[PDB]
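Working notes, structure below.
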Amino acid sequence: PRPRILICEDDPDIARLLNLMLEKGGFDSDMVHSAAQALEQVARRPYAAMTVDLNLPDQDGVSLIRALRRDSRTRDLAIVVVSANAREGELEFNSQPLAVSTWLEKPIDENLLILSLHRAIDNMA
């Protein structure tokens, strides 16, 4: 519908699942499959938030998030991690500078996903 989410996910099936779940929750979204694509695409247009897979091919998810926080135009972009090793990733790298609103595991809790994005967007705003 309106607020647009940038989905960065390595797995085609999961990228499409997120695209479809987000639509049910009132969100438009774009799917990309790598950190490089995410960096390029995030600048091409306004995004309310990004979902990040920790296990990416090129650069891993935390590397992508760090890069985004070091750029003024994406320092306030709400980010939600959706990954298989989300919990251990959070325990190891989470920090205020990283500013990741929520770390979600797979299988994905749809309700928590939509709730978390709404929360993340409003808190960053």
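Quick note, the sequence shown lines up with residues 546 to 670 if you use the entry's author numbering. Idealized CB from N, CA, C, for every residue including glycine.
- Within the region 599-669, the complete beta strand (DSSP E) segments at least 3 residues long are 623-627, 647-649, listed from N- to C-terminus.
- For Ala-594, the uninterrupted beta strand (DSSP E) run begins and ends at 594-597, by DSSP.
- Excluding five sequence positions before and after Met-576, the CB atoms of its chain that fall closer than 8 Å to its own CB belong to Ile-552, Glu-554, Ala-560, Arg-561, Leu-563, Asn-564, given in chain order.
- Using a Cβ distance threshold of 7 Å, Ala-629 and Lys-651 count as a contacting pair.
- The continuous beta strand (DSSP E) containing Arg-549 extends over residues 549-553.
- Boundaries of the alpha helix (DSSP H) harbouring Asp-558: 557-569, taken from the DSSP string.
- If you look at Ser-574, you'll find it in the beta strand (DSSP E) that goes 573-577.
- For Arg-589, the enclosing alpha helix (DSSP H) stretches over residues 580-589.
- By a beta-carbon distance limit of 8 Å, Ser-661 does not contact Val-607. Their separation comes to about 18 Å.
- Under the 8 Å Cβ criterion, the region 608-616 counts as touching the region 640-648, having at least three qualifying pairs.
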